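Raw upload-v6.pdb, PDB, C-alpha atoms and all ligand atoms:
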ATOM      1  CA  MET A 450      16.627  11.421  67.836
ATOM      2  CA  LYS A 451      13.325  13.206  67.153
ATOM      3  CA  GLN A 452      14.321  15.066  63.984
ATOM      4  CA  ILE A 453      16.713  12.343  62.765
ATOM      5  CA  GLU A 454      14.030   9.668  63.156
ATOM      6  CA  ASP A 455      11.526  12.113  61.612
ATOM      7  CA  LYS A 456      14.051  12.296  58.776
ATOM      8  CA  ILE A 457      14.380   8.505  58.469
ATOM      9  CA  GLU A 458      10.572   8.177  58.466
ATOM     10  CA  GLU A 459      10.417  10.643  55.578
ATOM     11  CA  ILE A 460      13.229   8.778  53.754
ATOM     12  CA  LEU A 461      11.613   5.338  54.086
ATOM     13  CA  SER A 462       8.170   6.637  53.063
ATOM     14  CA  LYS A 463       9.667   8.348  49.972
ATOM     15  CA  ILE A 464      11.634   5.190  49.121
ATOM     16  CA  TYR A 465       8.431   3.145  49.305
ATOM     17  CA  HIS A 466       6.624   5.612  47.028
ATOM     18  CA  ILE A 467       9.556   5.477  44.574
ATOM     19  CA  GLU A 468       9.387   1.684  44.560
ATOM     20  CA  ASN A 469       5.682   1.916  43.639
ATOM     21  CA  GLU A 470       6.402   4.434  40.872
ATOM     22  CA  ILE A 471       9.086   2.133  39.503
ATOM     23  CA  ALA A 472       6.532  -0.706  39.431
ATOM     24  CA  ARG A 473       3.982   1.533  37.684
ATOM     25  CA  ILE A 474       6.690   2.673  35.258
ATOM     26  CA  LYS A 475       7.724  -0.867  34.325
ATOM     27  CA  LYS A 476       4.107  -1.597  33.509
ATOM     28  CA  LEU A 477       3.754   1.577  31.371
ATOM     29  CA  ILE A 478       6.870   0.467  29.477
ATOM     30  CA  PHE A 479       5.540  -3.037  28.949
ATOM     31  CA  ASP A 480       2.178  -1.686  27.746
ATOM     32  CA  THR A 481       3.977   0.754  25.415
ATOM     33  CA  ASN A 482       6.099  -2.042  23.930
ATOM     34  CA  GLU A 483       3.001  -4.112  23.226
ATOM     35  CA  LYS A 484       1.674  -1.185  21.145
ATOM     36  CA  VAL A 485       5.027  -0.726  19.464
ATOM     37  CA  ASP A 486       5.358  -4.427  18.661
ATOM     38  CA  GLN A 487       1.779  -4.462  17.332
ATOM     39  CA  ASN A 488       2.675  -1.490  15.110
ATOM     40  CA  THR A 489       5.803  -3.217  13.815
ATOM     41  CA  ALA A 490       3.741  -6.310  12.990
ATOM     42  CA  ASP A 491       1.147  -4.205  11.143
ATOM     43  CA  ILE A 492       3.869  -2.302   9.296
ATOM     44  CA  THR A 493       5.460  -5.589   8.198
ATOM     45  CA  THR A 494       2.100  -6.748   6.840
ATOM     46  CA  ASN A 495       1.511  -3.463   4.997
ATOM     47  CA  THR A 496       5.017  -3.560   3.587
ATOM     48  CA  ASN A 497       4.361  -6.990   2.090
ATOM     49  CA  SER A 498       1.010  -5.838   0.665
ATOM     50  CA  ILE A 499       2.546  -2.708  -0.879
ATOM     51  CA  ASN A 500       5.286  -4.800  -2.467
ATOM     52  CA  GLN A 501       2.746  -7.150  -3.983
ATOM     53  CA  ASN A 502       0.573  -4.243  -5.104
ATOM     54  CA  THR A 503       3.543  -2.486  -6.700
ATOM     55  CA  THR A 504       4.286  -5.681  -8.645
ATOM     56  CA  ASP A 505       0.634  -6.120  -9.701
ATOM     57  CA  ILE A 506       0.565  -2.495 -10.874
ATOM     58  CA  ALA A 507       3.780  -2.932 -12.901
ATOM     59  CA  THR A 508       2.256  -6.004 -14.581
ATOM     60  CA  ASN A 509      -0.997  -4.189 -15.253
ATOM     61  CA  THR A 510       0.903  -1.251 -16.772
ATOM     62  CA  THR A 511       2.882  -3.550 -19.094
ATOM     63  CA  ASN A 512      -0.295  -5.300 -20.203
ATOM     64  CA  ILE A 513      -2.126  -1.995 -20.855
ATOM     65  CA  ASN A 514       0.788  -0.887 -23.025
ATOM     66  CA  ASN A 515       0.664  -4.245 -24.794
ATOM     67  CA  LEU A 516      -3.086  -3.947 -25.367
ATOM     68  CA  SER A 517      -2.598  -0.391 -26.624
ATOM     69  CA  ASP A 518      -0.108  -1.553 -29.286
ATOM     70  CA  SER A 519      -2.523  -4.328 -30.291
ATOM     71  CA  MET A 520      -5.456  -1.905 -30.431
ATOM     72  CA  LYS A 521      -3.572   0.445 -32.757
ATOM     73  CA  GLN A 522      -2.727  -2.469 -35.089
ATOM     74  CA  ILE A 523      -6.386  -3.519 -34.963
ATOM     75  CA  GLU A 524      -7.670  -0.007 -35.729
ATOM     76  CA  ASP A 525      -5.169   0.079 -38.626
ATOM     77  CA  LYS A 526      -6.399  -3.161 -40.145
ATOM     78  CA  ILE A 527     -10.017  -2.121 -39.699
ATOM     79  CA  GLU A 528      -9.446   1.122 -41.603
ATOM     80  CA  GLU A 529      -7.811  -0.873 -44.411
ATOM     81  CA  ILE A 530     -10.784  -3.215 -44.354
ATOM     82  CA  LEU A 531     -13.379  -0.450 -44.501
ATOM     83  CA  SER A 532     -11.468   1.153 -47.378
ATOM     84  CA  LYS A 533     -11.218  -2.142 -49.243
ATOM     85  CA  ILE A 534     -14.927  -2.806 -48.674
ATOM     86  CA  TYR A 535     -15.728   0.601 -50.155
ATOM     87  CA  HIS A 536     -13.601  -0.194 -53.263
ATOM     88  CA  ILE A 537     -15.455  -3.512 -53.561
ATOM     89  CA  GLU A 538     -18.908  -1.899 -53.389
ATOM     90  CA  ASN A 539     -17.882   0.452 -56.200
ATOM     91  CA  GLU A 540     -16.543  -2.479 -58.241
ATOM     92  CA  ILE A 541     -19.877  -4.250 -57.783
ATOM     93  CA  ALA A 542     -21.817  -1.112 -58.829
ATOM     94  CA  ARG A 543     -19.652  -0.896 -62.007
ATOM     95  CA  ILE A 544     -20.275  -4.583 -62.793
ATOM     96  CA  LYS A 545     -24.028  -4.184 -62.319
ATOM     97  CA  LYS A 546     -23.981  -1.429 -64.977
ATOM     98  CA  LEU A 547     -22.387  -3.876 -67.465
ATOM     99  CA  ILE A 548     -25.011  -6.612 -66.908
TER     100      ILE A 548
ATOM    101  CA  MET B 450      22.954   5.311  67.150
ATOM    102  CA  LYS B 451      23.170   1.560  66.398
ATOM    103  CA  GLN B 452      19.542   1.223  65.310
ATOM    104  CA  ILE B 453      19.802   4.365  63.161
ATOM    105  CA  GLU B 454      22.942   2.979  61.550
ATOM    106  CA  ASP B 455      21.043  -0.249  60.765
ATOM    107  CA  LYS B 456      18.256   1.811  59.218
ATOM    108  CA  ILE B 457      20.794   3.817  57.180
ATOM    109  CA  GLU B 458      22.320   0.584  55.915
ATOM    110  CA  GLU B 459      18.920  -0.582  54.660
ATOM    111  CA  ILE B 460      18.252   2.839  53.128
ATOM    112  CA  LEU B 461      21.502   2.973  51.271
ATOM    113  CA  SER B 462      20.884  -0.576  49.896
ATOM    114  CA  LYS B 463      17.402   0.316  48.692
ATOM    115  CA  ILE B 464      18.659   3.512  47.085
ATOM    116  CA  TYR B 465      21.376   1.518  45.317
ATOM    117  CA  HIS B 466      18.757  -0.932  44.030
ATOM    118  CA  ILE B 467      16.491   1.926  42.877
ATOM    119  CA  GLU B 468      19.387   3.514  40.979
ATOM    120  CA  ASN B 469      20.001   0.210  39.156
ATOM    121  CA  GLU B 470      16.344  -0.148  38.369
ATOM    122  CA  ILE B 471      16.280   3.410  36.989
ATOM    123  CA  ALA B 472      19.336   2.783  34.790
ATOM    124  CA  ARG B 473      17.655  -0.388  33.491
ATOM    125  CA  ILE B 474      14.439   1.546  32.844
ATOM    126  CA  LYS B 475      16.305   4.229  30.928
ATOM    127  CA  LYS B 476      17.890   1.634  28.691
ATOM    128  CA  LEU B 477      14.478   0.061  28.066
ATOM    129  CA  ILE B 478      13.031   3.449  27.089
ATOM    130  CA  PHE B 479      15.783   4.262  24.652
ATOM    131  CA  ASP B 480      15.607   0.760  23.105
ATOM    132  CA  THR B 481      11.827   1.187  22.827
ATOM    133  CA  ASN B 482      12.397   4.454  21.011
ATOM    134  CA  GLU B 483      14.876   2.876  18.591
ATOM    135  CA  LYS B 484      11.996   0.628  17.494
ATOM    136  CA  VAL B 485       9.434   3.445  17.485
ATOM    137  CA  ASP B 486      11.693   5.584  15.276
ATOM    138  CA  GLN B 487      12.358   2.712  12.862
ATOM    139  CA  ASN B 488       8.605   2.101  12.772
ATOM    140  CA  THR B 489       8.137   5.758  11.845
ATOM    141  CA  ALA B 490      10.790   5.570   9.139
ATOM    142  CA  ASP B 491       9.100   2.445   7.719
ATOM    143  CA  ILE B 492       5.646   4.084   7.770
ATOM    144  CA  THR B 493       7.138   7.033   5.873
ATOM    145  CA  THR B 494       8.533   4.752   3.171
ATOM    146  CA  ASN B 495       5.243   2.916   2.934
ATOM    147  CA  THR B 496       3.245   6.144   2.712
ATOM    148  CA  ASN B 497       5.395   7.334  -0.204
ATOM    149  CA  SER B 498       4.973   3.930  -1.879
ATOM    150  CA  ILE B 499       1.227   3.921  -1.309
ATOM    151  CA  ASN B 500       1.146   7.388  -2.856
ATOM    152  CA  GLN B 501       3.119   6.352  -5.946
ATOM    153  CA  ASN B 502       0.874   3.303  -6.334
ATOM    154  CA  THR B 503      -2.351   5.241  -5.969
ATOM    155  CA  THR B 504      -1.240   7.570  -8.786
ATOM    156  CA  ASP B 505      -0.161   4.642 -10.980
ATOM    157  CA  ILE B 506      -3.529   2.889 -10.419
ATOM    158  CA  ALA B 507      -5.307   6.137 -11.393
ATOM    159  CA  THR B 508      -3.311   6.278 -14.631
ATOM    160  CA  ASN B 509      -3.970   2.613 -15.384
ATOM    161  CA  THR B 510      -7.667   3.063 -14.697
ATOM    162  CA  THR B 511      -7.862   5.959 -17.166
ATOM    163  CA  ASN B 512      -5.993   4.003 -19.793
ATOM    164  CA  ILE B 513      -8.279   1.008 -19.290
ATOM    165  CA  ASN B 514     -11.370   3.192 -19.703
ATOM    166  CA  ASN B 515      -9.918   4.713 -22.858
ATOM    167  CA  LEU B 516      -9.101   1.256 -24.265
ATOM    168  CA  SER B 517     -12.563  -0.019 -23.322
ATOM    169  CA  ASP B 518     -14.145   2.909 -25.181
ATOM    170  CA  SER B 519     -11.934   2.328 -28.246
ATOM    171  CA  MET B 520     -12.778  -1.376 -28.065
ATOM    172  CA  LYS B 521     -16.504  -0.580 -28.136
ATOM    173  CA  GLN B 522     -15.973   1.496 -31.296
ATOM    174  CA  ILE B 523     -13.943  -1.296 -32.871
ATOM    175  CA  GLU B 524     -16.719  -3.811 -32.102
ATOM    176  CA  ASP B 525     -19.329  -1.555 -33.718
ATOM    177  CA  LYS B 526     -17.083  -1.204 -36.759
ATOM    178  CA  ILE B 527     -16.675  -5.011 -36.999
ATOM    179  CA  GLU B 528     -20.483  -5.292 -36.801
ATOM    180  CA  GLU B 529     -20.762  -2.829 -39.704
ATOM    181  CA  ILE B 530     -17.987  -4.612 -41.674
ATOM    182  CA  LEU B 531     -19.674  -8.004 -41.280
ATOM    183  CA  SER B 532     -23.041  -6.682 -42.539
ATOM    184  CA  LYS B 533     -21.386  -4.983 -45.524
ATOM    185  CA  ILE B 534     -19.570  -8.217 -46.336
ATOM    186  CA  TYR B 535     -22.799 -10.198 -46.041
ATOM    187  CA  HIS B 536     -24.527  -7.750 -48.400
ATOM    188  CA  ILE B 537     -21.621  -7.985 -50.806
ATOM    189  CA  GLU B 538     -21.728 -11.776 -50.773
ATOM    190  CA  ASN B 539     -25.434 -11.631 -51.688
ATOM    191  CA  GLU B 540     -24.813  -9.158 -54.477
ATOM    192  CA  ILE B 541     -22.030 -11.346 -55.795
ATOM    193  CA  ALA B 542     -24.151 -14.532 -55.691
ATOM    194  CA  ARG B 543     -26.873 -12.719 -57.685
ATOM    195  CA  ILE B 544     -24.437 -11.422 -60.296
ATOM    196  CA  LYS B 545     -22.984 -14.910 -60.789
ATOM    197  CA  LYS B 546     -26.480 -16.123 -61.714
ATOM    198  CA  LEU B 547     -26.883 -13.381 -64.353
ATOM    199  CA  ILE B 548     -23.637 -14.155 -66.212
TER     200      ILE B 548
ATOM    201  CA  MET C 450      26.316  11.752  64.751
ATOM    202  CA  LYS C 451      27.417  14.828  62.794
ATOM    203  CA  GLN C 452      28.392  12.193  60.228
ATOM    204  CA  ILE C 453      24.917  10.666  60.664
ATOM    205  CA  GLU C 454      23.460  14.090  59.923
ATOM    206  CA  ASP C 455      25.678  14.499  56.829
ATOM    207  CA  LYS C 456      24.560  11.030  55.729
ATOM    208  CA  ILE C 457      20.827  11.667  56.111
ATOM    209  CA  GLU C 458      21.174  14.961  54.241
ATOM    210  CA  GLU C 459      23.135  13.060  51.590
ATOM    211  CA  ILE C 460      20.300  10.540  51.430
ATOM    212  CA  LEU C 461      17.584  13.194  51.259
ATOM    213  CA  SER C 462      19.405  14.847  48.323
ATOM    214  CA  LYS C 463      19.784  11.602  46.401
ATOM    215  CA  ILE C 464      16.086  10.863  46.975
ATOM    216  CA  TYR C 465      15.206  14.354  45.696
ATOM    217  CA  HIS C 466      17.254  13.659  42.579
ATOM    218  CA  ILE C 467      15.666  10.223  42.147
ATOM    219  CA  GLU C 468      12.175  11.711  42.355
ATOM    220  CA  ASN C 469      13.046  14.185  39.603
ATOM    221  CA  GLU C 470      14.483  11.367  37.485
ATOM    222  CA  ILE C 471      11.257   9.392  37.941
ATOM    223  CA  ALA C 472       9.212  12.438  36.847
ATOM    224  CA  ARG C 473      11.522  12.794  33.795
ATOM    225  CA  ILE C 474      11.174   9.099  33.003
ATOM    226  CA  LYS C 475       7.401   9.354  33.043
ATOM    227  CA  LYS C 476       7.515  12.292  30.653
ATOM    228  CA  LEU C 477       9.766  10.317  28.290
ATOM    229  CA  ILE C 478       7.254   7.474  28.418
ATOM    230  CA  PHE C 479       4.263   9.662  27.602
ATOM    231  CA  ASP C 480       6.205  11.410  24.810
ATOM    232  CA  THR C 481       7.205   7.995  23.461
ATOM    233  CA  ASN C 482       3.537   6.995  23.482
ATOM    234  CA  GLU C 483       2.586  10.084  21.515
ATOM    235  CA  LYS C 484       4.880   8.864  18.735
ATOM    236  CA  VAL C 485       3.511   5.333  19.122
ATOM    237  CA  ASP C 486      -0.134   6.453  18.931
ATOM    238  CA  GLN C 487       0.609   8.644  15.907
ATOM    239  CA  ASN C 488       2.310   5.669  14.261
ATOM    240  CA  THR C 489      -0.778   3.646  15.024
ATOM    241  CA  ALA C 490      -2.971   6.341  13.419
ATOM    242  CA  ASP C 491      -0.707   6.469  10.356
ATOM    243  CA  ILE C 492      -0.624   2.674  10.046
ATOM    244  CA  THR C 493      -4.455   2.669  10.112
ATOM    245  CA  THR C 494      -4.632   5.295   7.360
ATOM    246  CA  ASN C 495      -2.139   3.286   5.321
ATOM    247  CA  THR C 496      -4.027   0.031   5.875
ATOM    248  CA  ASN C 497      -7.143   1.700   4.481
ATOM    249  CA  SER C 498      -5.278   3.126   1.468
ATOM    250  CA  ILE C 499      -3.710  -0.294   0.801
ATOM    251  CA  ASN C 500      -7.060  -2.046   1.063
ATOM    252  CA  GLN C 501      -8.556   0.405  -1.419
ATOM    253  CA  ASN C 502      -5.586   0.118  -3.758
ATOM    254  CA  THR C 503      -5.682  -3.675  -3.598
ATOM    255  CA  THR C 504      -9.375  -3.598  -4.579
ATOM    256  CA  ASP C 505      -8.787  -1.104  -7.411
ATOM    257  CA  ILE C 506      -5.873  -3.189  -8.732
ATOM    258  CA  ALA C 507      -8.105  -6.281  -8.676
ATOM    259  CA  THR C 508     -10.790  -4.370 -10.563
ATOM    260  CA  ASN C 509      -8.215  -3.160 -13.068
ATOM    261  CA  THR C 510      -6.692  -6.612 -13.380
ATOM    262  CA  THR C 511     -10.103  -8.078 -14.187
ATOM    263  CA  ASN C 512     -10.833  -5.369 -16.718
ATOM    264  CA  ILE C 513      -7.505  -5.831 -18.494
ATOM    265  CA  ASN C 514      -8.224  -9.541 -18.755
ATOM    266  CA  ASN C 515     -11.685  -8.767 -20.172
ATOM    267  CA  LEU C 516     -10.259  -6.301 -22.738
ATOM    268  CA  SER C 517      -7.528  -8.780 -23.663
ATOM    269  CA  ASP C 518     -10.202 -11.443 -24.225
ATOM    270  CA  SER C 519     -12.247  -8.996 -26.312
ATOM    271  CA  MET C 520      -9.205  -8.058 -28.386
ATOM    272  CA  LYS C 521      -8.293 -11.693 -29.002
ATOM    273  CA  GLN C 522     -11.847 -12.235 -30.246
ATOM    274  CA  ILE C 523     -11.679  -9.183 -32.496
ATOM    275  CA  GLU C 524      -8.366 -10.426 -33.911
ATOM    276  CA  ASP C 525     -10.080 -13.733 -34.750
ATOM    277  CA  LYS C 526     -12.961 -11.902 -36.409
ATOM    278  CA  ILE C 527     -10.494  -9.818 -38.447
ATOM    279  CA  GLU C 528      -8.690 -12.977 -39.550
ATOM    280  CA  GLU C 529     -12.016 -14.264 -40.858
ATOM    281  CA  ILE C 530     -13.069 -10.924 -42.360
ATOM    282  CA  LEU C 531      -9.798 -10.785 -44.271
ATOM    283  CA  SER C 532     -10.494 -14.300 -45.581
ATOM    284  CA  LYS C 533     -13.982 -13.290 -46.654
ATOM    285  CA  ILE C 534     -12.436 -10.312 -48.491
ATOM    286  CA  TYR C 535      -9.736 -12.359 -50.328
ATOM    287  CA  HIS C 536     -12.509 -14.668 -51.478
ATOM    288  CA  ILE C 537     -14.741 -11.764 -52.526
ATOM    289  CA  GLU C 538     -11.900 -10.233 -54.571
ATOM    290  CA  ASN C 539     -11.301 -13.565 -56.288
ATOM    291  CA  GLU C 540     -14.964 -13.807 -57.202
ATOM    292  CA  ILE C 541     -15.011 -10.239 -58.519
ATOM    293  CA  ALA C 542     -11.879 -10.899 -60.607
ATOM    294  CA  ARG C 543     -13.654 -13.974 -62.050
ATOM    295  CA  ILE C 544     -16.807 -11.964 -62.803
ATOM    296  CA  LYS C 545     -14.806  -9.238 -64.549
ATOM    297  CA  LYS C 546     -13.223 -11.896 -66.812
ATOM    298  CA  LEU C 547     -16.692 -13.296 -67.683
ATOM    299  CA  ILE C 548     -18.345  -9.983 -68.624
TER     300      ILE C 548
HETATM  301 CL    CL D   1      -3.548  -1.191 -11.777
HETATM  302 CL    CL D   2       5.429   2.501  17.093
END
Please lay out the structure from this file as structure tokens.
Amino acid sequence: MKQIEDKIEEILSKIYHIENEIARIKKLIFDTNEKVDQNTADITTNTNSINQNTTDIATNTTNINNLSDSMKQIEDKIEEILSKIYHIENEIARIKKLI
Amino acid sequence: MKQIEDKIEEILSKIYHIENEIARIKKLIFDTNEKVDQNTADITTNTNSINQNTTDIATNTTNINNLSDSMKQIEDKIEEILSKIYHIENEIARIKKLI
Amino acid sequence: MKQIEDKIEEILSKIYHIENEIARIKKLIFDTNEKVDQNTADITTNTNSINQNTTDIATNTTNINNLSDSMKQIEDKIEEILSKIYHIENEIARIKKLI
């Protein structure tokens, strides 16, 4: 009756502490899940942005390639032009000798 | 003994409830970690993607600079071509007057 | 009463085991949060990389558009230059026939 009720006093006080710890734990878990859900939200955003960026890069890469082809064709024509202009200047110099 | 038995009955009931809470809490934790691990997997994919994209942007940026530099040369050459043509046109107009 | 003693010892053991389970649960929670906080740190790094990449893409996109514009203009100028040259060659042919 003195040790048994000592024992029950210990049991009930431990149970009450455990109840508190369970309450604190539930809160920790809630607070954790807020962080986790915020992370999932942020990840979803980033995933969408990466997708868009990957698409915009692909497009940019295609266009660069396109512009590169065009540039080569341009450089080609310009070399022809400069060569033709040189022929012309020499034609003119020959004509000026005959007048 | 009757009072102690009543106390034991309440104790056992509380302990039963605590055990259920704890089982519930464990489930919560493991479900939380399913999400956390999927988050981590998704971050990993995104990081790889961000890395590919960063490289691809670097390449595109270099190609753009190179095209921009070629373009500047081309524009100078067109300047030169146009002045040569203008000179030629003058020379031609003069020659036409002499013949 | 010897049963009562068995039962209290039973109870004390179960409470001991519950306390250990609580301690284990807390550890799980803090370990979970280490993963969560690392995820948060990694998401932040990725957000910053994405924001930079988005800007750089925009810059590149603008520059491609500007180069494309420039090249379209050069192509127009070449079209005209080539016309000026056909005409010049015609004139020169005419001059050659008159001298
Ligand atoms: Cl780009
Ligand atoms: Cl997370």
Could you please select, counting only C-alpha atoms, the residues of chain A within 8 Å of chain B and state them as a PDB file with C-alpha atoms, in the coordinates of the input?
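Contents of the output file selection_11.pdb:
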ATOM      1  CA  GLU A 454      14.030   9.668  63.156  1.00  0.00           C
ATOM      2  CA  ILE A 457      14.380   8.505  58.469  1.00  0.00           C
ATOM      3  CA  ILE A 460      13.229   8.778  53.754  1.00  0.00           C
ATOM      4  CA  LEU A 461      11.613   5.338  54.086  1.00  0.00           C
ATOM      5  CA  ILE A 464      11.634   5.190  49.121  1.00  0.00           C
ATOM      6  CA  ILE A 467       9.556   5.477  44.574  1.00  0.00           C
ATOM      7  CA  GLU A 468       9.387   1.684  44.560  1.00  0.00           C
ATOM      8  CA  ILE A 471       9.086   2.133  39.503  1.00  0.00           C
ATOM      9  CA  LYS A 475       7.724  -0.867  34.325  1.00  0.00           C
ATOM     10  CA  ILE A 478       6.870   0.467  29.477  1.00  0.00           C
ATOM     11  CA  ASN A 482       6.099  -2.042  23.930  1.00  0.00           C
ATOM     12  CA  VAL A 485       5.027  -0.726  19.464  1.00  0.00           C
ATOM     13  CA  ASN A 488       2.675  -1.490  15.110  1.00  0.00           C
ATOM     14  CA  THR A 489       5.803  -3.217  13.815  1.00  0.00           C
ATOM     15  CA  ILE A 492       3.869  -2.302   9.296  1.00  0.00           C
ATOM     16  CA  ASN A 495       1.511  -3.463   4.997  1.00  0.00           C
ATOM     17  CA  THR A 496       5.017  -3.560   3.587  1.00  0.00           C
ATOM     18  CA  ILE A 499       2.546  -2.708  -0.879  1.00  0.00           C
ATOM     19  CA  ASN A 502       0.573  -4.243  -5.104  1.00  0.00           C
ATOM     20  CA  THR A 503       3.543  -2.486  -6.700  1.00  0.00           C
ATOM     21  CA  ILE A 506       0.565  -2.495 -10.874  1.00  0.00           C
ATOM     22  CA  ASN A 509      -0.997  -4.189 -15.253  1.00  0.00           C
ATOM     23  CA  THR A 510       0.903  -1.251 -16.772  1.00  0.00           C
ATOM     24  CA  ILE A 513      -2.126  -1.995 -20.855  1.00  0.00           C
ATOM     25  CA  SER A 517      -2.598  -0.391 -26.624  1.00  0.00           C
ATOM     26  CA  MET A 520      -5.456  -1.905 -30.431  1.00  0.00           C
ATOM     27  CA  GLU A 524      -7.670  -0.007 -35.729  1.00  0.00           C
ATOM     28  CA  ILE A 527     -10.017  -2.121 -39.699  1.00  0.00           C
ATOM     29  CA  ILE A 530     -10.784  -3.215 -44.354  1.00  0.00           C
ATOM     30  CA  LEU A 531     -13.379  -0.450 -44.501  1.00  0.00           C
ATOM     31  CA  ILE A 534     -14.927  -2.806 -48.674  1.00  0.00           C
ATOM     32  CA  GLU A 538     -18.908  -1.899 -53.389  1.00  0.00           C
ATOM     33  CA  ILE A 541     -19.877  -4.250 -57.783  1.00  0.00           C
ATOM     34  CA  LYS A 545     -24.028  -4.184 -62.319  1.00  0.00           C
ATOM     35  CA  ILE A 548     -25.011  -6.612 -66.908  1.00  0.00           C
TER      36      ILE A 548
END
Please provide chain B as a short mmCIF file (atom, residue, chain, number, x, y, z; two decimals) with C-alpha atoms, in the coordinates of the input, once it has been superposed on chain C by least squares across all sequentially paired Cα atoms.
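Okay, this is what ended up in superposed00.cif:
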data_model
loop_
_atom_site.label_atom_id
_atom_site.label_comp_id
_atom_site.auth_asym_id
_atom_site.auth_seq_id
_atom_site.Cartn_x
_atom_site.Cartn_y
_atom_site.Cartn_z
CA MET B 450 24.63 12.69 65.54
CA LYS B 451 26.94 14.75 63.28
CA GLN B 452 27.93 11.82 61.06
CA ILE B 453 24.29 10.68 60.79
CA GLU B 454 23.28 14.20 59.82
CA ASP B 455 25.96 14.16 57.09
CA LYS B 456 24.59 10.84 55.86
CA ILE B 457 21.03 12.23 55.89
CA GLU B 458 22.19 15.21 53.85
CA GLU B 459 23.62 12.89 51.19
CA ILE B 460 20.46 10.77 51.27
CA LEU B 461 18.14 13.67 50.82
CA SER B 462 20.26 14.94 47.87
CA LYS B 463 20.21 11.56 46.16
CA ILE B 464 16.47 11.22 46.69
CA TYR B 465 15.99 14.68 45.17
CA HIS B 466 18.07 13.67 42.15
CA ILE B 467 16.13 10.39 41.78
CA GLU B 468 12.83 12.29 41.85
CA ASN B 469 14.07 14.55 39.02
CA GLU B 470 15.25 11.58 37.04
CA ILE B 471 11.85 9.91 37.49
CA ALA B 472 9.98 13.03 36.36
CA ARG B 473 12.25 13.19 33.29
CA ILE B 474 11.63 9.49 32.61
CA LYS B 475 7.88 9.96 32.84
CA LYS B 476 8.00 12.75 30.31
CA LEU B 477 10.09 10.58 27.98
CA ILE B 478 7.55 7.75 28.25
CA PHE B 479 4.58 9.93 27.48
CA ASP B 480 6.41 11.57 24.54
CA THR B 481 7.33 8.09 23.30
CA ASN B 482 3.67 7.14 23.46
CA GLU B 483 2.60 10.23 21.52
CA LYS B 484 4.74 8.88 18.67
CA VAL B 485 3.57 5.29 19.13
CA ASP B 486 -0.08 6.38 18.99
CA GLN B 487 0.49 8.52 15.88
CA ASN B 488 2.28 5.54 14.33
CA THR B 489 -0.80 3.43 15.08
CA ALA B 490 -3.13 6.03 13.60
CA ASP B 491 -0.95 6.16 10.45
CA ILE B 492 -0.88 2.35 10.14
CA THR B 493 -4.68 2.37 10.39
CA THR B 494 -4.98 4.88 7.55
CA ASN B 495 -2.53 2.90 5.46
CA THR B 496 -4.33 -0.38 6.11
CA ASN B 497 -7.62 1.13 4.92
CA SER B 498 -5.84 2.52 1.84
CA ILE B 499 -4.14 -0.79 1.11
CA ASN B 500 -7.56 -2.42 1.39
CA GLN B 501 -9.22 0.02 -1.02
CA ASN B 502 -6.32 -0.44 -3.45
CA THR B 503 -6.38 -4.22 -3.30
CA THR B 504 -10.09 -4.18 -4.22
CA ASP B 505 -9.51 -1.67 -7.03
CA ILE B 506 -6.65 -3.80 -8.44
CA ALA B 507 -8.96 -6.85 -8.34
CA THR B 508 -11.59 -4.95 -10.32
CA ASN B 509 -9.02 -3.70 -12.83
CA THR B 510 -7.62 -7.20 -13.24
CA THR B 511 -11.07 -8.59 -14.03
CA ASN B 512 -11.75 -5.83 -16.51
CA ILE B 513 -8.39 -6.42 -18.18
CA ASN B 514 -9.11 -10.14 -18.52
CA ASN B 515 -12.53 -9.38 -19.98
CA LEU B 516 -11.02 -6.90 -22.47
CA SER B 517 -8.27 -9.38 -23.37
CA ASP B 518 -10.91 -12.04 -24.08
CA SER B 519 -12.98 -9.62 -26.19
CA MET B 520 -9.80 -8.58 -28.00
CA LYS B 521 -9.06 -12.21 -28.88
CA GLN B 522 -12.55 -12.53 -30.39
CA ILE B 523 -12.08 -9.30 -32.32
CA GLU B 524 -8.76 -10.56 -33.72
CA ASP B 525 -10.37 -13.81 -34.86
CA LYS B 526 -13.14 -11.81 -36.51
CA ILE B 527 -10.58 -9.60 -38.32
CA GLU B 528 -8.86 -12.80 -39.50
CA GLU B 529 -12.20 -14.03 -40.87
CA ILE B 530 -12.98 -10.61 -42.44
CA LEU B 531 -9.60 -10.47 -44.20
CA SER B 532 -10.04 -13.96 -45.71
CA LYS B 533 -13.57 -13.13 -46.89
CA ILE B 534 -12.27 -9.92 -48.46
CA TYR B 535 -9.44 -11.81 -50.15
CA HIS B 536 -11.93 -14.33 -51.54
CA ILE B 537 -14.16 -11.51 -52.72
CA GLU B 538 -11.27 -9.78 -54.46
CA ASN B 539 -10.51 -13.02 -56.34
CA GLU B 540 -14.13 -13.47 -57.33
CA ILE B 541 -14.25 -9.90 -58.53
CA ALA B 542 -11.03 -10.22 -60.58
CA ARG B 543 -12.48 -13.33 -62.27
CA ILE B 544 -15.79 -11.64 -63.07
CA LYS B 545 -13.99 -8.66 -64.61
CA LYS B 546 -12.31 -11.06 -67.05
CA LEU B 547 -15.67 -12.55 -68.12
CA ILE B 548 -17.31 -9.21 -68.98
#
> Could you state the separation of CA of residue 469 (chain A) and CA of residue 455 (chain A) in Å, given to one decimal place?
Replying inline: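 Atom-to-atom, CA of residue 469 (chain A) to CA of residue 455 (chain A), that is 21.5 Å.
Picture a line from CA of residue 490 (chain B) to CA of residue 476 (chain C); it runs 22.8 Å.
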> So how many Å separate atom CL of ligand CL 1 (chain D) and CA of residue 521 (chain B), to one decimal?
Replying inline: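 Here the two named atoms are 20.9 Å from each other.
Considering only C-alpha atoms and all ligand atoms, the residue among A:511, A:497, A:452, A:462 positioned nearest to ligand CL 1 (chain D) is A:511.
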> Of the candidates A:518, A:546, A:507, A:500, which one gets nearest to ligand CL 1 (chain D) if we count all atoms listed in the file?
Replying inline: A:507
